[PDB]
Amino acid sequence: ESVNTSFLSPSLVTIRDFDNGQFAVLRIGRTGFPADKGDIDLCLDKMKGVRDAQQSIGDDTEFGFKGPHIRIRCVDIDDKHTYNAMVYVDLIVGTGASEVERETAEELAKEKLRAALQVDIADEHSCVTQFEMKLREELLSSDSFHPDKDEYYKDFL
């Protein structure tokens, strides 16, 4: 199966997309209500928005890719009064990036994400989306590096 979904509890779901090489945590944080098919589909759409934002910034498949990487971590849904989501993403730049190259990657990425995630508007799920972007630096050529290392999800599990 291309996507493997698991309930750790009614309101905490792991979603591993093999085909696209992504991993996200789904949380129904505010209400603690059980995740439904709609919530998971919403999460899949935001996972797609992030990999599409990544594709706009540069192809992360090419060998020697110099970054940045934009990676989804968690979609936290607030379904108490209205339908809202907070998407947590990591921006990963190379340890060898200069002050300006970082400020540049950060602004470009935020622009792409505001568009792809439909920030501050209601989307095709009638969900209004916001995001938070954590910044990381890593030696991108290191054998120790993977854009979705398990460590990067500790906040959410």
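One rule holds for the numbers: they count along the sequence shown, beginning at 1.
Report task. Could you check the entry and say whether 47-55 or 91-99 has the higher mean CA B-factor? Result -> Between 91-99 and 47-55, it is 91-99 that shows the higher mean C-alpha B-factor.
Report task. Output the stretch having the higher mean C-alpha B factor in the entry; the candidates are 113-121 and 59-67. Result -> Taking the mean B-factor of the alpha carbons in each, 59-67 is higher.
Report task. Would you mind checking which of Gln22, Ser141, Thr14, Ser11 has the top Cα temperature factor in the PDB entry? Result -> In this record, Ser141 carries the highest C-alpha B-factor of the candidates.
Query raised in the report: In the PDB entry, which of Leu42, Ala35, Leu108, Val128 has its C-alpha at the highest B-factor?
Result: The listed residue with the largest C-alpha B-factor is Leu108.
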